[PDB]
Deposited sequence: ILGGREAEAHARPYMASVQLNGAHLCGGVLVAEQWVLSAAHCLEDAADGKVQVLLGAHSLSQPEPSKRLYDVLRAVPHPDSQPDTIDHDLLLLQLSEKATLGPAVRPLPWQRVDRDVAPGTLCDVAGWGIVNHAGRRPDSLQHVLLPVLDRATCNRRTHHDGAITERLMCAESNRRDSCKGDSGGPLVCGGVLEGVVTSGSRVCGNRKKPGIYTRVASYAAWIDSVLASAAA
């Protein structure tokens, strides 16, 4: 996250670090006891760290989970920006507590009103030099209407302003949360107002997400 602040420890209990060979790779969001939503482009040994604030310091809620299954969206492809969702099934149901709690997601397929303030969090890089934070960062960003944002922004995507405050490398797959509801997933440039952050609209994929979770 560029232009943000250290988050209050465990105030976003849905927040997940998707890890590759023991290191933070991507953000993710806990959406059921056994399921984490992230970005297909993120995907070697894949695990998910729940209940974390700091990557390095002991916390009673920190737990690392193995991934039984990785389910990219059928239409996802390495070339395109479209359909960039990934569902990760954990090795077991996560232990829920004050610091680990699924986030409900939007299933009514309608845009977030432009100008709405949404919260984006992650352990992605905090400056253009690639400095990686130890602790979770966040920032509030206003939604940008699709017309202004537009060529490439389809009805399955949405934009948020990137004027100094922005998501960046390592924040991919993390949640865009508007009024306590998951609305987007972070999917490029950072901190440049001319290139808004692009986010996948979870409501466009409601049927696919239900269908995968319903295979329990």
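* Asked: If you line up the deposited sequence with the model, which stretches have no C-alpha coordinates?
  -> According to the record, the gaps fall at 44 to 48, 156, 158 to 162, 199 to 201, 231 to 232.
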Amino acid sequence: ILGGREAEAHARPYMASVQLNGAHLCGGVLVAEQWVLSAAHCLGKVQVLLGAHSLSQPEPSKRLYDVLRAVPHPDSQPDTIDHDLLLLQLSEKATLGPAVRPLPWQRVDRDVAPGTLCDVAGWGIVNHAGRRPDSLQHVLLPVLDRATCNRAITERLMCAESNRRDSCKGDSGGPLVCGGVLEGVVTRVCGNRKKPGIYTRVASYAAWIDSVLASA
From here on, numbers count along this sequence of modelled residues.
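Rigid core: the largest C-alpha set superposing within 1.5 Å between the two forms.
* State which stretch is farther from the displayed form on average in 7 other deposited structures of this protein, 62 to 70 or 151 to 159, counting RMS CA distance after fitting on the rigid core. => Stretch with the higher C-alpha RMS distance in 7 other deposited structures of this protein: 151 to 159.
* Do the CA atoms of 27 to 35 or those of 48 to 56 have the higher mean B-factor in the entry? -> The deposited B-factors put 48 to 56 ahead on the C-alpha mean.
* If you average the CA temperature factors over each stretch, which comes out higher, 108 to 116 or 75 to 83? -> Looking at the record's C-alpha B-factors, the answer is 75 to 83.
* **Candidate set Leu90, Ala129, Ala121, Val143 [ranked by C-alpha B-factor, highest]** => That would be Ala129, according to the entry.
* To do: Identify, among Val185, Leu68, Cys159, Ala40, the residue whose C-alpha carries the highest B-factor in the deposited PDB entry.
  => It is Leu68.
* **Modelled-residue ranking by C-alpha temperature factor, third containing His10** => Answer is middle: the recorded C-alpha B-factor places it there.
* **Chain thirds of CA B-factor: placement of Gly191** => Highest third.
* **Cα B factor band for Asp171 (lowest, middle or highest third within the chain)** => As the PDB entry reports it, the C-alpha B-factor of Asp171 lands in the lowest third of its chain.
* Classify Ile153 as lowest, middle or highest third according to the C-alpha B-factor given in the PDB entry, relative to its own chain. => CA B-factor rank for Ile153: middle third.
* With respect to C-alpha B-factor, does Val177 fall in the lowest, middle or highest third of the chain as deposited? -> Ranked within chain, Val177 CA B lands in the lowest tercile.
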